[PDB]
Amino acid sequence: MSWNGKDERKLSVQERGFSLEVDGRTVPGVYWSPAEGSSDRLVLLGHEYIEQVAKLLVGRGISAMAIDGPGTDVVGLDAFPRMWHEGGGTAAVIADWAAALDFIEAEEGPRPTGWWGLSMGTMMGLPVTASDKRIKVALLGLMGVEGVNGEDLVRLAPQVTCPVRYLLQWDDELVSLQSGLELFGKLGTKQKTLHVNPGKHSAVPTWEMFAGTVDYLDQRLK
């Protein structure tokens, strides 16, 4: 529950590191914001592309924050299931992000807040959005019910009640299309839309990952 981290300043984006102590764990984080003056909305980024998204969001006057989770793509590694549980799994993720958002709200003031995160970002983001009603819109994707925390995802999906845009890749070698569909179907909200594009897990079209998601959060996050 304190800055540093250690902080820099790249162009018109101010980046500040922070660190949290949560239920016995050390939680490293980063906060991106306009270098002057203020910023009226916030997005939590779950995970290079994260830094890219953060820059674009700041460009729309939207601050961004990320912490590390219990984690080509890490979810495809044989060692990944062990890493996830050793890191406290879904319950730890929920508490860590709740503590991180508490911190930012006290330091920067509470603002309309969204979630952006694909793959492990959805393993984290779907539970967080279900659990923390401060999340007013979520961009999720590249994850299904056969994920490492699939049980939790299926259980918590009906409790996602905010608007969602969900991305899947048709030829995703890590997440079958059917598994991704099953999870999308379980989301509680009626204000959900699924975009599916051709290609492998890492091949979300850039206009979908960048312009598309940033426009979606910019429009829907109020």
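The numbering used is simple: start at 1 and walk along the sequence shown.
In the deposited entry, the stretch joining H47 to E48 is interrupted by 4 to 9 residues of the deposited sequence lacking coordinates. According to the entry, the deposited sequence places 10 or more unmodelled residues between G71 and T72. Comparing the deposited coordinates for 31-39 and 181-189, the stretch with the larger average C-alpha B-factor is 31-39. Annotation for 74-82 versus 112-120: the higher mean temperature factor (C-alpha) is found in 74-82. Note on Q14, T206, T213, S202: the highest value goes to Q14, judged by CA B factor as recorded. In this PDB entry, the Cα temperature factor of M1 sits in the top third of its chain's modelled residues, the highest group. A98: CA B factor lies in the middle third for its chain, per the PDB record.
The PDB entry assigns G88 a C-alpha temperature factor belonging to the highest third of its chain's modelled residues.
When the modelled residues of the chain are ordered by C-alpha B-factor, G125 sits in the lowest third. Among all modelled residues in its chain, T161 ranks in the middle third by Cα B-factor.
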